[PDB]
Structure formats: C-alpha cells, structure tokens
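First comes the structure, then the notes that go with it.
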Amino acid sequence: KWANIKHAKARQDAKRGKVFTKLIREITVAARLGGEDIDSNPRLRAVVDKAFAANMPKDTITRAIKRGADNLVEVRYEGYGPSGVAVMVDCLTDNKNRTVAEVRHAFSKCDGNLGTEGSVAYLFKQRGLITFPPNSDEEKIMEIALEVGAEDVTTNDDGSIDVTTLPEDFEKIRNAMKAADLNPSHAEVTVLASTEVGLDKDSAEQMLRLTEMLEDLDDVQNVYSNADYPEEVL
C-alpha cells in the first residue's frame, strides 16, 4: 500500500525531474534554430507539446523559448557497447569536453567505447512505421503498400502487420491506408536500425545499464542502439 505507492511516486517524480531538464534545453535549442513562432517551427511544436503534457509551468516554457533568440550546442557521439552493439548518443550541452568525458566513462564502465563520427550513424534511419492489428486485411495492405511505395511490409506471428515507409512518404501512405478503410493500431516516424545485434541475458543487462547511465546525464537527449534484447530481460 503506502510503501509501494510512495516508492512508485518517488521513481515517477525522479524521472519527471530528469526529463524536465532535457525538455528545457530542447525547447531553447529548437527555438534558437527554427525561430520563436511555434506554428512555423515543427521541432519546437513537438517539444512544447511534450512540455505542456508533462505539466511544465507555462512561464518556464515561454522563458526557455525566449532564451533561444545558454550556448547549448548539438553533438552526436557514436560508439560500441556489449557484444558490439552500435550506439548513438544525441546531446545538447554547453560544454562538449565535459559531456564527451562523461559519455566515454559510461561506455567504458560497460566494456564499450566511442568511435569516429559516422562509425555507426549509417545503421540508423528515420522511418515511418504503421502498425495494423491482428485480423487486418493482409492482402489489401500489401496491394496499397506496393502501389504507394512502402519500404517494407512484415506480417508477424500474431497476424499484426508492420508497414515501414520513408519519412517523406509516411503521411501519404497512412492516408492511403485510412482511405481504403485500413485502420492502423499505431503509426509514427521513428528511428530503426538496419541490422540488429542479438544479446544474451548478461550482455543485455549490461546494455540496459549503459542506456540508463547515458540517459541519466542531463546532456543526453536520446540514446539509440541496434540491440535486440531477449524476452528474458523483458
């Protein structure tokens, strides 16, 4: 009861704090890059929506916007982790020398290391991913996907269908599906890995730890990897 709930709220609060700090920086940088007008700045639109969803105070949001008009810079690190998993770490920082050392330390603690710019980035692409539930019309989805230039269609053991698209074709293809009364369970543009690296329980635990260490840094915005985690650690 109270023990589990207070402990649960404590964790939920602690994560809200870390995310708060990341959002502030992303608001500021999005504003500085794409401008102060949220309606003409999709990047800013997205983070401001996330900020309001997280109940960040309006004044904190607006001041973060006005600050972009901090000396935060974008930096990407690329490296390898347990079992040679490729890892990309996107950062917003006012001190790259501080950040790179902290990122190296995390990688090093998990038997990994940073490589050169471009050493892994080619494995990771933004892709539209439209997911249809079991009992969807496989045939009709396939017909539309070929007609409209989908990158891939995968039918899973449970009957669910995942359609992957180039980011630029995402909206059109989603619209084509809905027009044919094919209603997706979920659709988004996300980052997908071209190849994956299968992990045993132990390596998976170490990779999870690495992800967690990196995300705990205020300088880190997003961590991507091509790890294929086993069901045992899930």
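We did not get these values from a lab; they are worked out from the coordinates using the rules stated. When we count neighbours, we look across all protein chains shown, and the Cβ atoms used for this are built from the backbone with ideal geometry, even at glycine.
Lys and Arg at +1, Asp and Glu at -1: add these up for the other residues within a Cβ distance under 12 Å of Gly149 and post the number.
-4
With the crude spin-label approximation of a point 7 Å out along Cα→Cβ, what separation in nm comes out for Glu147 versus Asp111?
For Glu147 paired with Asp111, the spin-label model returns 5.1 nm.
So what's the back-of-envelope 222 nm ellipticity for the chain, counting only DSSP H runs of four-plus at -39500 (n - 2.57) apiece and dividing by all residues, rounded to 500?
Calculated from helices alone, the mean residue ellipticity at 222 nm is -14500 deg cm²/dmol.
Output the peptides 149-155, 7-13, 79-85 sorted from most to least packed, where packing is the average of other Cβ atoms within 10 Å over each peptide's residues.
79-85, 149-155, 7-13
Tell me, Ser225, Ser203, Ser160, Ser136 in order of fewest to most beta-carbon neighbours within 10 Å?
With the fewest neighbours first, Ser225, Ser203, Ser160, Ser136 line up as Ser160, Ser136, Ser203, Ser225.
Zone of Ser160 (label point 7 Å along Cα→Cβ, backbone N under 11 Å): which residues in region 197-233?
Counting backbone N atoms under 11 Å from the label point, the list is empty.
Compute the orientation-averaged projected area for region 1-71 from the convex hull of its Cα atoms and round it to one decimal in nm².
Quarter of the Cα hull surface area: 5.1 nm².
If each Cα of region 131-234 is one equal point scatterer, what is log10 of I(q)/I(0) from the Debye formula at q = 0.18 Å⁻¹?
Result of the Debye calculation: -0.93.
Taking 22 Å as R0, compute the FRET efficiency from the Cβ-Cβ separation of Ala3 and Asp200 and round it to 0.05.
For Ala3 and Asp200, the calculated efficiency is 0.05.
Provide the net charge surrounding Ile173, with neighbours chosen by a C-beta distance below 14 Å and charges set as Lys +1, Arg +1, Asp -1, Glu -1.
My count for the surroundings of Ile173 gives -4.
Hey, rough spin-label estimate for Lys58 and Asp181, points 7 angstrom out along Cα→Cβ, what's it come to in nanometres?
About 4.5 nm separates the two model spin labels.
Using unit Cβ charges (K, R positive; D, E negative) and no other charged atoms, how large, in debye to the nearest 20, is the dipole of region 120-195 about its Cα centre?
320 debye
From Cα coordinates alone, what are the radius of gyration and Dmax values for the chain in angstrom?
For the chain, the Cα radius of gyration and maximum Cα-Cα distance read 20.2, 56 Å.
Please give every one of the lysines within straight-line cross-link reach of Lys50, meaning a C-alpha to C-alpha distance under 30 Å, and leave out same-chain neighbours fewer than 8 residues apart.
Within the straight-line limit of under 30 Å, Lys50 reaches these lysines: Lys6, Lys9, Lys15, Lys18, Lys22, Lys58, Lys66, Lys96, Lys125, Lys172, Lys178.
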